[PDB]
Protein chains: 2
Amino acid sequence: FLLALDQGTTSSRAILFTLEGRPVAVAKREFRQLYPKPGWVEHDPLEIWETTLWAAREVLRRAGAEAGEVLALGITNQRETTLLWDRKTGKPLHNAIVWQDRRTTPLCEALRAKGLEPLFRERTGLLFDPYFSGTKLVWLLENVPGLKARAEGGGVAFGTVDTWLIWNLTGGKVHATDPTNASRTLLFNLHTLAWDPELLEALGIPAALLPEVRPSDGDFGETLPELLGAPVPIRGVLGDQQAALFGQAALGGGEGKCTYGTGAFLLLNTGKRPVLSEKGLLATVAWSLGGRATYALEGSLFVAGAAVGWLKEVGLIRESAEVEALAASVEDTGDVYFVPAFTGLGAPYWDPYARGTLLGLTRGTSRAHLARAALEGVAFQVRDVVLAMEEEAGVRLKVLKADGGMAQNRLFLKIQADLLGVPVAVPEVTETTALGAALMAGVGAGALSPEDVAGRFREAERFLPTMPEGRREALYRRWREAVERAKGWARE
Amino acid sequence: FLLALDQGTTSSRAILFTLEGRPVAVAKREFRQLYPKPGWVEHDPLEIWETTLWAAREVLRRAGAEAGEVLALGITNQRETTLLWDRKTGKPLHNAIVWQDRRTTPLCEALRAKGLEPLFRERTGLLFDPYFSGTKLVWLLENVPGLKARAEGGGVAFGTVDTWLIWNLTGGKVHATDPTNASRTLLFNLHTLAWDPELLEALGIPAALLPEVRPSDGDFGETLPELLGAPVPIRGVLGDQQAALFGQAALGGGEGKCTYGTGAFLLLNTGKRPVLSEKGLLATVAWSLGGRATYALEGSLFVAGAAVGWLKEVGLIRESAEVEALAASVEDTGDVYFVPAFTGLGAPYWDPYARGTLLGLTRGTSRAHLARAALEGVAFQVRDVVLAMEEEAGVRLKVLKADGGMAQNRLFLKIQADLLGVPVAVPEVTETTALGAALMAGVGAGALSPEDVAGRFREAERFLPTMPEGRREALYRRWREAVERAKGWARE
């Protein structure tokens, strides 16, 4: 028995698979999203833990398994979302600032002015943006009432939704995080596999609330007995996206996959060395086996399903499902393009001033059309990244693996394939982020080795591109022109 | 009684007024809007005639009046829609190409290449653009069987809807039109107030089919008795927008109004002579009294009402009404802009290529926000034309006189007044367009003098600007940037 805790942005998921990867039971529960000011996204650190546990138990229940059975535990969470809490009380000193926050922009701009941008893109493989937790911390570490002094001695502890779980699972016992969940932090160096002293100072943030660089398969303590009902070993902790890449069995260099949830994240296994992109892609760690690391190229797409989501929050569709009924009723969009950049643009543009844009509306533009446009937008963005990775060092992408909330929409995937002109495959085990977690755990616990994950992976289906080359490219030229008109809307 | 026939874009209305410009009864019926291809707009001539005939009979019924009681009849119509019919049978030989239609863009660009635009611009006061009936004629002449040769035979008749209504009203006995309608066809010299051969030659248009031009208060024959029960003197013919200008009583130069229908048309009285504007405005005939002509500068906006109508079609609202209650629920759009140019931009941009564009969408953008943006979108359109009229060959606009289906929304007018920084005023008699045709026909029957008109004009409300200049200019600035992002989206 393997147990994975998948802490997502919109809800808490718990899955108890076996040792070969098959799932036994599932329990999911949403939790209020805090919207302080526009562009601000906050999460109640309590609302989170009361659902990561509520589901850990719910699975065992719906399964009929007792905790004593569980071999190891696997942790997969949101990625950059940052928290700040007191070690003693174990209490949140301020709500959670989600990776979706668009507040630290000015700083990124300042730090960019100081000429530091180059030092960070070649060290952390990232860049200056309100996405990563780096600036997300400085804000809290200089804005909450009088918090910057408290955390000068160590009384305060920082942590990504992963280290936060480790905490709540060991009542203050173990305080740490895996390389990946940290690679997506502006402080972590990806060459030396440990935080860089310079960076920490470069932002003034004290190395006094930082977790420990434990590999994703190592030992992360043992859960509290009264929580689940027995001591469970946790040998797996990994950023959802990096997890989802491991669950898709993308262990080969050149193997990539894309997950479609609130947003969309495309990662490509780059092997031993990190591909320091300059076109707008991020270099990051996929996972760390007892020490060594395998890197990847990533394309972050802030908005994906939220595209349809927004369509719902305005009544263009009644419930979220008709999305593929309307879009399906029309062959095209009538030359309409919807650029879903609500909170700015991700990859490979990285434009904080871009906003949601609709284009080419005519007296005859309809709901079916808008529905299809929302779906295309997401796919077009993925192509932007796929094309970016194609020349940012490497070969042609032969296949693209998919999983996540949107993958359930068959139509969407066919559209993805057509606009990419490349086959798109889905696995037999849909809860991939979870499986990625569980497996990593069983791997750290000596149960299964990585080679046990590849020959155990199974493809359920795949959608083939039926759209001719001429058509695909005309559409792409339209979309790219569409994106040029969404850029820089915010006054700057 | 003075009877007025307002043959609009969507429906045919009929109003019966007292000699003192007070409505007695109203009859309104709709007709089918035909959309053969995207951007194409057609009318069934018969349906147009039959509903007009129908409304005319219904007001007479509702008022308990009889034809003999009607002193004179005044015609007023949608302004550029083209029709062709057999002189012998009166049967139309192709659906009427409405003013909204746009199929003729290639010809416009073709005629602009030959370098003809300047010549036409100084003779007609127009410009090349699908809008005017000139290119619609050309289109018919080279896209139909052997129409070209048929026209040259003399058995074919051309005419705008006024000419159409008049031909049916007299059983073919009168083929005519007036300077205001003729000045929206591109084949009329507005200086000498006559068809210009030089122009007819340029477009390859035979003269054998042009109708006779008579003044606005001329004699257009009498109606056949069978129709209304007794022959009725026809002494009023005026383009609809020129009519509303007369009905608002804007007889002195510097006085303007704006009717808000499917589209919105602003007209400014420029007195005894035309004002050729190279800055994006039209120069047309306000009306012709016995020969002495009056001119006005115009601004044509193709989409006003439809902006809300469209929201209705895609289900963002539930009826053209809820818009107000909906937009009222918020103070601002959230930095979200709506440039409602489904079929391109009117004045002063005249960009066939622009399309409907929504800018500044964010995660939390609501239905109210879009509702308001649509309203602000029409008002910003008006501001565009006013600043052109104004900061140009003109003084300053003191008051903007309103009317039309959209002026029945106080919120909108208030908004329009704010963004405009000018007061806006609605008249007591809402059926302004119709009241204009009747008053003109009144001046034709001798029962009235234009001096009577301005004396009897009553004003209902007046909405005062309630926004500071700073805020006003700040918003306009954002709108101008929105228009740019909307310009030229289609392929040239």
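Its PDB header attributes the entry to X-ray crystallography and lists the resolution as 2.80 Å.

Novice: Whenever I open this one, the interface of chain A and chain B confuses me. Can you help?
Specialist: Accessible area lost when the parts come together is the quantity often used to give the size of an interface. Each partner contributes to the interface: chain A provides 38 residues, whereas chain B provides 34 residues. Interface area, chain A with chain B, both sides summed: about 3,100 Å², of which 56% is carbon and sulfur. When the area that chain A buries against chain B is broken down by residue, the three leading residues are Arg363, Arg485 and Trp489 of chain A, summing to 32%. Seen at the junction of chain A and chain B, the total is 16 residue pairs in polar contact. Of all the elements in the fold, those that place two or more residues in the side of chain A that touches chain B are α11 (306–312), β14 (337–339), β15 (356–361), α13 (367–391) and α17 (469–484) of chain A. With six residues, β15 of chain A is the single largest residue contributor to the side of chain A that touches chain B. Here the side of chain A that touches chain B is composed, by residue class, of 18 nonpolar, 10 polar and 10 charged. As paired elements, β15 of chain A and strand β20 (residues 356–361) of chain B share three bridges and run antiparallel to each other.

Novice: How should I be thinking about the packing of helix α10 (residues 240–247) of chain A against helix α15 (residues 432–444) of chain A in this particular structure?
Specialist: The relative placement of two packed helices is expressed as an angle between their axes plus a distance between the axes. Residues and elements named next belong to chain A. Viewed as axis vectors pointing N to C, α10 and α15 meet at an angle of 80 degrees, and their least axial separation amounts to 7 Å. One way to sum up the angle between α10 and α15 is to call them roughly perpendicular. Between α10, through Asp240, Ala243, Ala244, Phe246 and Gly247, and α15, the contact on the second element is made entirely by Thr432, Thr433, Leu435, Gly436, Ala437, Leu439, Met440 and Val443.

Novice: Please explain helix α13 (residues 367–390) of chain B as it appears in this structure.
Specialist: Given 3.6 residues to a turn, an α-helix orients residues that are three or four positions apart in the same direction. Relative to the 34 Å expected for 24 residues at 1.5 Å per residue, α13 of chain B spans 35 Å between its end C-alpha atoms, a close match to the ideal helical length. Among the 24 residues of α13 of chain B, 22 are classified as buried, and the element is accordingly described as predominantly covered.

Novice: Is there a simple way to explain the relation of the copies chain A and chain B in this structure?
Specialist: Superposing chain A onto chain B requires a rotation of 179 degrees together with a translation of 0.0 Å along the rotation axis, leaving an RMSD of 0.5 Å. What the rotation and shift describe, once combined, is the action of a two-fold rotation axis. For chain A, the smallest separation between a C-alpha atom and the rotation axis is recorded for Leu358 of chain A, amounting to 2.5 Å. By residue overlap, the copies meet face to face through one surface: 89% of the interface positions of chain A are interface positions in chain B.

Novice: Would you explain the nonpolar core in this entry?
Specialist: The nonpolar side chains of soluble globular proteins are, as a tendency, buried together. Ranked by internal contacts, the top residues of the largest apolar core, which has 260 residues, are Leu84, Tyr260 and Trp310 of chain A together with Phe17, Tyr260 and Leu400 of chain B. Beyond its immediate sequence surroundings of up to four residues, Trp310 of chain A is in contact with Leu316, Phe338 and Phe342 of chain A together with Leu361, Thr362, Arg363, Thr365 and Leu370 of chain B. Within the second largest apolar cluster, 39 residues are counted, among which are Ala55, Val161, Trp164 and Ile234 of chain B.

Novice: Is there a simple way to think about the UniProt feature "binding site: ADP" (unreviewed entry) in chain A in this case?
Specialist: Residue and element names in this part refer to chain A. Residues given the UniProt feature "binding site: ADP" (unreviewed entry) here are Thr9, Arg13, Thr262, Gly305, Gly405 and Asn409. Mapped onto the fold, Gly405 is located in the loop between β16 (400–403) and α14 (410–420). For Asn409, the location among the structural elements is in the loop between β16 and α14. What makes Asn409 buried here is its relative accessible area of 12%. Those residues within four positions of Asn409 in sequence are excluded, and the remaining contacts are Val323, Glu324 and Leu375.

Novice: In this structure, what is going on with the sheet that holds strand β4 (residues 33–34) of chain B? I would like to understand it.
Specialist: Hydrogen bonding along the main chain pairs the strands of a sheet, whether they run parallel or antiparallel. All names here are of chain B. Ordered in space as β4-β5-β8, the three strands form an open sheet in which the pairing is antiparallel. Each end of this open sheet is capped by a strand with a single partner; those strands are β4 and β8 (96–97). Pairing geometry for strand β5 (residues 42–43) and β8, over two bridges, is antiparallel. Within the sheet, the bridge partner assigned to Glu42 lies in β8 and is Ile97.

Novice: Looking at this structure, I do not really get helix α15 (residues 432–445) of chain B. What am I missing?
Specialist: Residue and element names in this part refer to chain B. Compared with the 20 Å implied by 1.5 Å per residue over 14 residues, the 20 Å span of α15 between its first and last C-alpha is a close match. With 12 of 14 residues buried, α15 lies mostly within the body of the structure. Within the sequence span of α15, burial applies to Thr432, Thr433, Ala434, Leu435, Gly436, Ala437, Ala438, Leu439, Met440, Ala441, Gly442 and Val443. Phi turns positive, to about 85 degrees, at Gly446, one or two residues after α15.

Novice: For this particular structure, what's the right way to read the sheet that holds strand β3 (residues 23–30) of chain B?
Specialist: All names here are of chain B. Reading across from one edge, β3-β2-β1-β6-β14 is the order of the five strands in this open sheet, with mixed pairing throughout. The sheet is open, and its two edges are formed by β3 and β14 (234–239), each paired on a single side. Within this sheet the neighbouring strands show an average axis-to-axis angle of 15 degrees, counted without direction. Here strand β2 (residues 11–17) runs beside β3; their pairing, made up of seven bridges, is antiparallel. Residue pairing in the sheet places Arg13 in a bridge with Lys28 of β3. Each of β1 (2–7), β2 and β3 touches helix α1 (residues 45–62); the most contacted strand, β3, lies at about 150 degrees to it. Across the sheet, α15 is in contact with β1, β2, β6 (72–77) and β14; its angle to β6 comes to roughly 135 degrees.

Novice: I keep staring at the domain arrangement of chain A and nothing clicks. Help me out?
Specialist: Residues and elements named next belong to chain A. Domain boundaries in chain A define domain 1 (1–248) and domain 2 (249–492). Using only C-alpha atoms to locate each centre, domain 1 and domain 2 end up separated by 23 Å. Contact with domain 1, which involves 56 residues of that partner, is made by 57 residues of domain 2. Interface of domain 1 and domain 2: buried area, both sides summed, is about 4,800 Å²; carbon and sulfur atoms make up 68% of it. If you sort the residues of domain 1 by the area they bury against domain 2, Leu245, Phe246 and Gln248 come out on top, with a joint share of 21%. On inspection of domain 1 and its partner domain 2, the count reaches three salt bridges. Put simply, domain 1 and domain 2 have 21 residue pairs in polar contact between them.

Cut-off values and rules
As presented, residues are numbered from 1 along each chain according to the written sequence, a scheme that may differ from that of the entry, and residues lacking coordinates are left out. Written order determines the labels here, with chains lettered from A and ligands numbered from 1. By convention in this description, side-chain values take in all heavy atoms of the structure and omit both hydrogens and water. Any pair of residues with heavy atoms lying within 4.5 Å of one another is described as a contacting pair. When two components associate, each loses some accessible surface as probed by a 1.4 Å sphere; the sum of these losses over both components is called the buried area. In protein, a polar contact means a hydrogen-donor-capable atom and an acceptor-capable atom, both N or O and within 3.5 Å, with residues adjacent in sequence counting only if both atoms are side-chain atoms; elsewhere, any N or O pair within 3.5 Å suffices. Labels follow the DSSP assignment, with helices taken as runs of H or I lasting at least four residues and strands as runs of E lasting at least two, numbered in each case from the N terminus. Put simply, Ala, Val, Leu, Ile, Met, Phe, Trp, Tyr, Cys and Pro go in the nonpolar bin, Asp, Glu, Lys and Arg in the charged bin, and everything else, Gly too, in the polar bin. Strands are treated as partners if at least two bridges between them are detected by DSSP. Axes here refer to lines fitted to C-alpha atoms; in helices the fit is confined to the stretch in contact. Angles between the N-to-C directions go from 0 to 180 degrees. With respect to orientation, any angle under 35 degrees is reported as roughly parallel, any angle over 145 as roughly antiparallel, any angle of 65 to 115 as roughly perpendicular, and every other angle as oblique. By this rule the span expected of a helix is its residue count minus one, scaled by 1.5 Å. Exposure categories follow from relative accessible area, calculated using a 1.4 Å probe and restricted to protein chains: below 20% of the type maximum is buried, above 50% is exposed, and the middle band is partly exposed. Overlaid copies: least-squares superposition on C-alpha atoms. Working definition of a nonpolar core: buried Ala, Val, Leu, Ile, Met, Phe, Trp, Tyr and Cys residues. They are joined through side-chain atoms within 4.5 Å. UniProt positions are given in the numbering used here, feature names are shortened, and annotations may be inferred rather than shown by experiment. Domains are outlined according to an automatic or database domain assignment. By convention in these notes, a salt bridge is any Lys or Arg side-chain nitrogen within 4 Å of a carboxyl oxygen on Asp or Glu.

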